[PDB]
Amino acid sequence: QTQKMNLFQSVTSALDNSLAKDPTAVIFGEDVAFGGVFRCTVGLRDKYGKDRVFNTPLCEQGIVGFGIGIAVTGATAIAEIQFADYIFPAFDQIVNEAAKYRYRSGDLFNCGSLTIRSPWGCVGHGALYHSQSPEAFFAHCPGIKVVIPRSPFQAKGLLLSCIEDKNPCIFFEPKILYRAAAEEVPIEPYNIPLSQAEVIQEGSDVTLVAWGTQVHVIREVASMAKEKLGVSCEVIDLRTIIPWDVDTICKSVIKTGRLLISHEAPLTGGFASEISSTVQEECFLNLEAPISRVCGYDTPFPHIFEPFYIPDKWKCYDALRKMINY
């Protein structure tokens, strides 16, 4: 049985399946009770109760510490950070505690049943604090997993996988896709492997890597690429950031010989760095052209300059041109 869904609806779906299956599961954060600022937990408090879906005070460091507390109990804690831009007050709780819970206790205690959801990426005009892509910050941190979906279907599978994974997981939801194109999404629970990149279009001349909304962009740059330069691109969706599918990538690049990675996040320190430097080491012989990185600028996210800030399809394409014209 399947229903057509919005990204935000598939999330409510996965979240519903979870409270439904797990008597322990609990959802909390700022303004989550009435449905949330993006409608992700709508109805849920009525269908399951005031002690399973509720508002916390306005304090992100407490929200996560609180979540870690429940998790330690073996109970499923699904914390919400209204905006990924506001997850830093909790950065200490995530890096020094959660990512290190199991390890420092020699497996005596853990917060593996802890999951943090948070609206990610840019939107119309989030400016500096409703547009960030914090992903790279958490990538330098052993112990947590970081997952970013690209559509309603991927969202529900990945999220549910995150919720049930035995490791603290951060689930970043591209807010720009919350009301974008719908799609049939299974009504009941279902999972999608974490740490598995997905090739959604094989090609033979270049390997394109991105995640989140960017995937749809590299997907377009593909259409253009071949149709305007006769070049078959292999489009790949990374999905999981920290424990990343190193193999699926290197394999593709070996078949291709060229690599172009892109992400809204700033260039410097961005995740594309770890990928490039890695593929460079692995596929050093297969590389016919220098690895390319089409990322946001090394500046904060502009309000009125967004159109000029992002690695839109044109910036990628042109970048692809120069690479190929190598």
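The first residue of the sequence shown is number 1, and the count goes up from there.
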When mean C-alpha B-factors in the record are compared for 135-143 and 243-251, the larger belongs to 243-251
As the entry reports it, the stretch among 178-186 and 77-85 with higher mean C-alpha B factor is 178-186
Highest recorded Cα temperature factor - choice among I116, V215, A71, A90: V215
Just to confirm, going by the entry's C-alpha B-factors, which of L108, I94, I170, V231 comes out highest? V231
Comparing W211 with the other modelled residues of its chain, is its CA B-factor in the lowest, middle or highest third? highest
Lowest, middle or highest third: where is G124 by Cα B-factor in its chain? middle
Within this chain, which third does the Cα B-factor at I27 fall in: lowest, middle or highest? middle
For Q61, return the chain-relative third of its C-alpha B-factor as stated in the PDB record: lowest, middle or highest. lowest
Lowest, middle or highest third: where is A33 by C-alpha B factor in its chain? middle
